[PDB]
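Peer 1: Have a look at this one before I ask anything.
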Amino acid sequence: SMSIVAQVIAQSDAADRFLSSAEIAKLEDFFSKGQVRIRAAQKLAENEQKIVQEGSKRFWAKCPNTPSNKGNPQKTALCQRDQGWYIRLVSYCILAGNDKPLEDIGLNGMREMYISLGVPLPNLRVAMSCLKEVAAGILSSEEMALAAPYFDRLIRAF
Amino acid sequence: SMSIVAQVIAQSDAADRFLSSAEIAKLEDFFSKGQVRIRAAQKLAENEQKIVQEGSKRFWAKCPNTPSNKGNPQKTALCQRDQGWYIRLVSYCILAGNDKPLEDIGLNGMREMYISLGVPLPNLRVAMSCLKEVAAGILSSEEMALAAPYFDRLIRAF
Amino acid sequence: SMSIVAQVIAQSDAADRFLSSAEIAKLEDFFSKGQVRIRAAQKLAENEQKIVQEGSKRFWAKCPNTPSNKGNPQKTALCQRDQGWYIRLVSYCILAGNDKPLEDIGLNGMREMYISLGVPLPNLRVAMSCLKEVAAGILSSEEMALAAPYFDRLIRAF
Amino acid sequence: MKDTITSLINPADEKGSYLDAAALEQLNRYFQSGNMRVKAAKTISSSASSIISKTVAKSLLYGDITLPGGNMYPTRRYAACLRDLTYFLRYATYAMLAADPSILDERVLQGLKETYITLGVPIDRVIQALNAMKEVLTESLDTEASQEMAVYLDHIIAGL
Amino acid sequence: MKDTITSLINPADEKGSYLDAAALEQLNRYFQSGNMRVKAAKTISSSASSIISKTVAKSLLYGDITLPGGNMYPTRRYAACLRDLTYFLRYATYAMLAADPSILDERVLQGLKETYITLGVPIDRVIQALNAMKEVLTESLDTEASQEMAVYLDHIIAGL
Amino acid sequence: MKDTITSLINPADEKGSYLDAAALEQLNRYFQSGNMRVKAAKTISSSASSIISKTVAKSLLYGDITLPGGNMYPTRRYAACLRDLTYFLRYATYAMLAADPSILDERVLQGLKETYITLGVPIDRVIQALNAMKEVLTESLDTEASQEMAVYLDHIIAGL
Ligand SMILES: *[C@H](C)[C@H]1/C(=C/c2[nH]c(/C=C3N=C(/C=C4\NC(=O)C(CC)=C4C)C(C)=C\3CCC(=O)O)c(CCC(=O)O)c2C)NC(=O)[C@@H]1C
Ligand SMILES: *[C@H](C)[C@H]1/C(=C/c2[nH]c(/C=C3N=C(/C=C4\NC(=O)C(CC)=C4C)C(C)=C\3CCC(=O)O)c(CCC(=O)O)c2C)NC(=O)[C@@H]1C
Ligand SMILES: *[C@H](C)[C@H]1/C(=C/c2[nH]c(/C=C3N=C(/C=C4\NC(=O)C(CC)=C4C)C(C)=C\3CCC(=O)O)c(CCC(=O)O)c2C)NC(=O)[C@@H]1C
Ligand SMILES: *[C@H](C)[C@H]1/C(=C/c2[nH]c(/C=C3N=C(/C=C4\NC(=O)C(CC)=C4C)C(C)=C\3CCC(=O)O)c(CCC(=O)O)c2C)NC(=O)[C@@H]1C
Ligand SMILES: *[C@H](C)[C@H]1/C(=C/c2[nH]c(/C=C3N=C(/C=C4\NC(=O)C(CC)=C4C)C(C)=C\3CCC(=O)O)c(CCC(=O)O)c2C)NC(=O)[C@@H]1C
Ligand SMILES: *[C@H](C)[C@H]1/C(=C/c2[nH]c(/C=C3N=C(/C=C4\NC(=O)C(CC)=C4C)C(C)=C\3CCC(=O)O)c(CCC(=O)O)c2C)NC(=O)[C@@H]1C
Ligand SMILES: [Cl-]
Ligand SMILES: [Cl-]
Ligand SMILES: [Cl-]
């Protein structure tokens, strides 16, 4: 029950009834712009790395006091890795129609992991804000209208 | 455990004891008027069809908006069939001393069947009321004193 | 596992361990006064009949409304038989070191047997009380200190 | 367990027909058995302990079966025999009131002979106690009530 | 239950990669199935009782199965058949909307054949009613919607 | 398992008689065995591990049976031998306290010889360890207590 269709079917099956008009309304809004979802996920996959370095530059301008900006390249590589991983989790949510790929994979237990690692949370605030701004410059006006709830959801978890 | 004697024996056997005075009182009232029960079941069998057409006429007078009164004779025949079947289930209850032939055969799942068939339930209200009135005119004063709890039970299930 | 030694061994064997100090304490108290047990069982065997008639006289004085005191000598003989049987079951418990010869032979299903026979239970109350008082007059101070738990156990079962 | 009324009403329901004249006729004579079967079941249900006491007192007592070595010694074996005879009387009364020995076969007479042979219970003494139970019931019930209880106790005897 | 979107998103998450071009391509054609599957699920969810009524009225009624001795006699057996066909329609609609017959296998077709053989339910009549359900859905849905419901009802038929 | 008291009380109950003078006499000399059997069972129950350690240390150790190829190699086979000797000591103590070797036959010596022959366990070494167990018990118990434990260990030896 990760995707929106499976959740709709699981809510209807639990109540031993057919698909109510609210659930038809939810699946109408998911499947009407499903070409945009394929296009947005393909675009986020296609130029992941361009987004990641162009957001890392803006993030190191807006926050130079990071564990990434400490000289050694391997914490920097782990930060670039995390930026790409969170863009992948945003693309999964664009495809799934709900933020449950971002909650189950990305945000469940994220705070405990980052506080133990020593990565500050305002640093991740501004990192995912810069990543959102770069991806807004990349995607479109209306593919970003799909992605921006999930980028906002990711940003708000820090 | 359809008949009253078998239910009495099943209640006494479950409690590992002999027949209590309430159960002797119930079997006294069943077996005292058991000649009337044989006579009533034989009479309901004997002129089933007279009751069914004479009640169908009164029912089509009191309710002309039936699936039976739609011209084609085969829904009409299925209605006459059901009237005879429910008179047979009433006679089984007269013989058994309880309404368990009517519940197990006739009323369990009856509403789902008739709502799926498209037969209205006020139509069956008035059909079994007219069938009761005709059978009251047929049986006696006191054979009908046996049948009228079961006809009322059948009527109340619609 | 009727005797106390067999029960001690069965409790130790079930727990896959040797003899605990509680069980050594129980077998110390059983075997220290085991000469008294042989003497008491031999004395109860030796003058059974003296106890039985001398207790029957006191019991017919204290309760004349018995099935024994109804003239015919054969219910009287069955009562004398039962008094001797229960003295034998007391002697088995003196030898065994526990009241399990009295429970398994004498008291298991005793109440159902005596209620079906028509022998009243206060009659047996007072019969075994008089039998205890006579055997206290017979045995000793300290052989009766062994028998009196088992006579009390027999008395309390009525 | 199937009684007389259900064993006629059920095949009429499988056929979807009324009770035909043969089955309704054999039901009618059951319905005028009727009040006497209920009268016998009332007499037995109040005086069941007395019936069992008289049954034991004229077939099993005052002999070697209640003495040591017998199978009604000690009190536990006596109590087991007493509740066995109470089972036999209660299920014969059920089968008499139902006019059908089917409750005697799926509640009483199933593995009972093998149980008694394994246990060492003397089946001839059980049969002799059931024969005395018939004589006890003859002196306490009405005339044809005793005969029907005799039929339903002979079914237990023949099963044993 | 796994649907089409989860069955592609989950292996990409185990791999830690994006949806590659084959899986994203087969997801894309599911996304332009899409609005018609939702339109068919809307049509079925409002008119489910009518679909079941028409399915029974052209495959099961007016014969010997609803007469005494049949397996749709008495009313309890009719009601059981009716809710069975409603289960079949609802889970076929779920499997059509999901584009995946996995919900038909772990909710419907598991022990069902053995249940029907033990119960005495005529499986050929069930299959014939499902064949009539396909014809009822053909006259009420759109063209390829009927074909996809036919696929997901044939999965129940082949499991039965 | 039947001990000495039950093996006398039970036939008196089957006969329905008291304990006659022969059985009550042979019970009396068991009752003045008595406190010494309990004293020996107390000594063994506290020092059982020490008894088994001394039994192994003078019959089984410092040879080729605990070296590779021996049947007390590796540690699993040593532990199995150790709990076997603990079984032998515990059931001999039970049979001594009961004054009856019946618990040695239905708990210990039943299929044991065939078990050891199938397993390859050297029965002569087991018998030699039981012979050393008797010498260990002789140095730790009283005089006739050691003799009765010797009888009940010879019963295991003769069964093996
Ligand atoms: C970069 C935007 C920010 C930051 C990053 C940083 N991250 C790490 C180390 C790790 N990061 C993760 C991340 C995840 N595990 C998951 O399951 C998910 C969701 C799918 C994520 C995002 C993990 C597991 C590690 C541990 C190392 C490893 O992967 O083996 C570090 C290194 C910290 C350290 O002590 O080594 C850093 C520096 N740093 C910044 O400045 C940015 C705010
Ligand atoms: C007449 C009083 C009313 C009514 C009747 C009507 N009935 C039917 C069709 C069917 N009726 C049944 C009935 C029963 N099945 C049972 O097990 C029992 C209890 C023993 C009963 C009463 C069934 C199974 C059917 C289906 C057809 C068949 O038997 O094969 C119809 C036809 C409806 C249709 O769509 O064909 C009708 C019209 N109609 C009235 O107007 C009266 C209120
Ligand atoms: C005398 C103290 C009391 C009493 C006695 C009485 N007893 C009986 C008849 C029977 N008593 C027994 C007793 C036992 N069976 C056992 O297994 C044991 C324990 C080992 C006991 C004590 C039995 C079996 C009978 C049945 C007859 C028989 O043995 O064959 C009676 C006769 C009752 C009757 O209806 O015949 C009587 C009168 N009566 C008293 O007044 C005293 C209280
Ligand atoms: C008295 C008639 C004779 C007798 C009886 C006796 N029976 C048993 C033990 C058992 N009796 C039954 C019988 C039934 N159990 C049921 O549920 C029913 C039907 C409702 C019946 C008929 C069974 C199954 C047993 C074995 C299990 C148990 O004991 O409960 C005993 C006891 C045997 C024993 O060793 O204790 C006895 C003594 N024996 C006679 O000598 C009388 C002639
Ligand atoms: C109508 C199509 C045919 C028919 C049907 C019939 N079925 C049953 C009883 C049962 N049906 C099921 C099936 C399911 N239960 C579920 O939860 C699901 C999936 C969601 C399915 C598919 C089961 C398990 C049973 C047995 C338990 C129960 O009765 O509830 C019956 C009743 C049988 C009876 O003896 O009462 C019937 C009549 N029979 C026909 O003849 C029609 C062709
Ligand atoms: C030491 C004395 C000698 C020896 C012992 C040895 N025994 C076994 C394995 C088994 N021992 C038993 C014996 C018993 N189990 C019981 O419950 C009881 C009574 C309470 C007894 C007496 C059994 C049944 C087995 C087989 C099952 C099992 O292993 O548990 C072994 C192990 C053999 C193996 O291959 O592992 C050994 C080594 N062997 C010697 O050489 C010593 C002289
Ligand atoms: Cl019992
Ligand atoms: Cl149902
Ligand atoms: Cl081991």
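Heads up, the Cβs are rebuilt from the backbone with ideal geometry, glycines too, and the neighbour counts pull from every protein chain shown. Where a number appears in this text, it was derived from the coordinates with a stated rule and is not lab data.
Peer 1: I'd like the chymotrypsin sites (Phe, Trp or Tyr not before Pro) in the stretch E:1-93 restricted to DSSP loop residues with at most 16 other Cβ atoms within 10 Å, sorted by number.
Peer 2: When the chymotrypsin sites (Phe, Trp or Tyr not before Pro) of the stretch E:1-93 are filtered for loop state and at most 16 Cβ neighbours within 10 Å, E:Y62 remain.
Peer 1: Given H placed 1.01 Å from N in the peptide plane, which residues other than close sequence neighbours of F:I5 have an amide H under 5 Å from its amide H?
Peer 2: Close amide H contacts, sequence-distant or interchain: none at all.
Peer 1: Peptide F:87-100: average number of partner chain Cβ atoms within 10 Å per residue?
Peer 2: Across the residues of F:87-100, the mean count of other-chain Cβ atoms within 10 Å is 3.
Peer 1: Can you tell me which of D:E135, D:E14, D:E148 moves the most in a GNM of chain D? Springs connect C-alpha atoms under 10 Å apart.
Peer 2: Top of the fluctuation ranking is D:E14.
Peer 1: Which three extents, in angstrom, do the Cα atoms of the stretch D:86-160 have along their principal axes, listed largest first?
Peer 2: 38, 23, 18
Peer 1: May I ask you to evaluate 6.51 cos²θ - 1.76 cosθ + 1.60, the Karplus curve with θ = phi - 60°, for each residue of the stretch D:31-42 and list the ³J(HN,Hα) values in order in whole Hz, giving x for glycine and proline?
Peer 2: 6, 10, 5, x, 5, 6, 5, 5, 5, 5, 5, 6
Peer 1: Now, a different point. Give me the angle, in degrees from 0 to 90, between the Cα long axis of helix F:75-97 and the longest principal axis of the Cα atoms of chain F, rounded to the nearest 10.
Peer 2: Computed tilt is about 20 degrees.
Peer 1: Then there's this: Could you calculate the FRET efficiency of C:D29 with F:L119 from 1/(1 + (r/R0)^6), where r is the beta carbon distance between them and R0 is 30 Å, rounded to 0.05?
Peer 2: 0.10
Peer 1: Give me the angle, in degrees from 0 to 90, between the Cα long axis of helix F:6-15 and the longest principal axis of the Cα atoms of chain F, rounded to the nearest 10.
Peer 2: 40
Peer 1: To the nearest 500 deg cm²/dmol, what mean residue ellipticity at 222 nm is calculated for chain E from DSSP H runs of n ≥ 4 alone, each contributing -39,500 (n - 2.57), summed and divided by the residues?
Peer 2: -22000 deg cm²/dmol
Peer 1: To the nearest whole number, what is the average tally of beta carbon atoms from other chains within 10 Å of the beta carbons of peptide A:26-35?
Peer 2: What the average comes to for A:26-35 is 5.
Peer 1: Can you give the Rg/Rh ratio of the stretch D:35-159, where Rg is from the C-alpha atoms and Rh is the Kirkwood radius?
Peer 2: 0.96
Peer 1: Now for a different question. Please work out the C-alpha center-to-center distance from the stretch A:1-65 to the stretch F:19-41 and express it in whole Å.
Peer 2: Computed from Cα coordinates, the inter-centre distance equals 89 Å.
Peer 1: Okay, moving on. Give the residues of the stretch A:112-145 whose amide nitrogen is closer than 16 Å to a point set 7 Å from the Cα of A:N47 in the direction of its Cβ.
Peer 2: From the stretch A:112-145, the list is A:131-145.
Peer 1: Moving to a separate point now. Report, in deg cm²/dmol and to the nearest 500, the calculated mean residue ellipticity at 222 nm for chain A, where each DSSP H run with n ≥ 4 adds -39500 (n - 2.57) and the sum is divided by the residue count.
Peer 2: About -23500 deg cm²/dmol.
Peer 1: Then there is this: Using the Kyte-Doolittle scale, find the helices of chain A whose mean hydropathy is at least -1.0 and whose Cα atoms extend 30 Å or more along the helix's long axis, counting only whole DSSP H runs.
Peer 2: TM-like helix candidates: A:73-96.
Peer 1: Taking every residue in C:110-121, how many Cβ atoms of other protein chains lie within 10 Å of its Cβ, on average?
Peer 2: The per-residue average across the peptide is 5.
Peer 1: Right, next: Need one number: the % of Cα-Cα pairs in the protein assembly as shown sitting beyond the 45 Å mark.
Peer 2: I get 65 percent for the Cα pairs in the protein assembly as shown exceeding 45 Å.
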